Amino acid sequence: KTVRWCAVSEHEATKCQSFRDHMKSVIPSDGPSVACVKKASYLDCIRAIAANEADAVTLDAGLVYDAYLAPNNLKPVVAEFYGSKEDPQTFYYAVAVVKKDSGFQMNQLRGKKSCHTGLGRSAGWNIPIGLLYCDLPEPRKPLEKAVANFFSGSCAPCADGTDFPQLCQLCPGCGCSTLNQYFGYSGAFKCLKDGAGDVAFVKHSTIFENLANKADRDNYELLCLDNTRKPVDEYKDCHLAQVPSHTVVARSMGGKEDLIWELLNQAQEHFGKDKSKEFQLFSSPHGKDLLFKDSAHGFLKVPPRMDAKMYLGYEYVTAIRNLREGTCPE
């Protein structure tokens, strides 16, 4: 009855131990417990789970494509929901955040410096790059190199800085964890805030999570598809796409999914949004989106018959498959 959670680097491990410890106090001795496995990146976590060294890790939907392929063969078991309990959203919006008065529109992105959440993630990579690779009559389509030559420097966490130094320009090394200050949604927004990049590819709640007062948020806007900018509150009218929720994944067979659910259900019940002043499941003095997204309000069980392809949808998986092949309509 021990769920082995795969923590990615230092901060997550810190929060995971605090997760383990607090659960120990509200769950009966015969109930599920948490064990923490620290890994270097999400990829190691996927391998560890498939190799039966850990049992669970939360992933952005785009990374669910990787966990699914053999030899990994992982499946989503618990999805995060955003918004509220009364109105649970199992999707979010990918947006392009720029500083106010920077001048460029969606079509003048070449030559800019970009800030991405991570390589392979929905909002930070799949959505934005998906939208512009084919619009490049230039067949330098083996992605990384095309992107590396499209922008004049980026921070694409988890990318290979040895073959593509340009991709790690804004964050030397392209570290794939929170140890990289420019990692994740808030890492990418910071990359723009710090003025290291001209555009951050994040989600609609990112800025709200980072800039408390409207005053500062006014120094920012969003790039829309029709080549017009708009206020950060107009994300419903100005966003790149709607993507599925981050989901906790487990092994397709012998994945301990019941235990995973009871542990998380019990956790949201005890430390969910608003629940406890002792320990918050969706926030941490040690950082943002550690283990789960700070923007989540709870967890929902994924229907048992639902596999990765059904979870992502036909359009997304195909888009992802095509993206990684540079395939573009002839």
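All residue numbers are counted from 1 along the displayed sequence.
- For the pair 274 to 282 and 45 to 53, the mean B factor over Cα atoms is greater in 274 to 282.
- According to the PDB record, 144 to 152 carries the higher mean C-alpha B-factor of the two stretches 242 to 250 and 144 to 152.
- Per the deposited record, 216 carries the highest C-alpha B-factor of all listed residues (198, 160, 80, 216).
- Set against one another, the Cα B-factors of 95, 74, 115, 132 in the record reach their highest point at 132.
- Among all modelled residues in this chain, the alpha-carbon of residue 305 has a temperature factor (C-alpha) in the highest third.
- Among the modelled residues of its chain, residue 266 has a C-alpha B-factor that falls in the highest third according to the deposited record.
- Among all modelled residues in this chain, the alpha-carbon of residue 3 has a temperature factor (C-alpha) in the middle third.
- Among the modelled residues of its chain, residue 208 has a C-alpha B-factor that falls in the middle third, as given in the PDB entry.
- Ranked by C-alpha B-factor against the other modelled residues of its chain, residue 64 falls in the lowest third.
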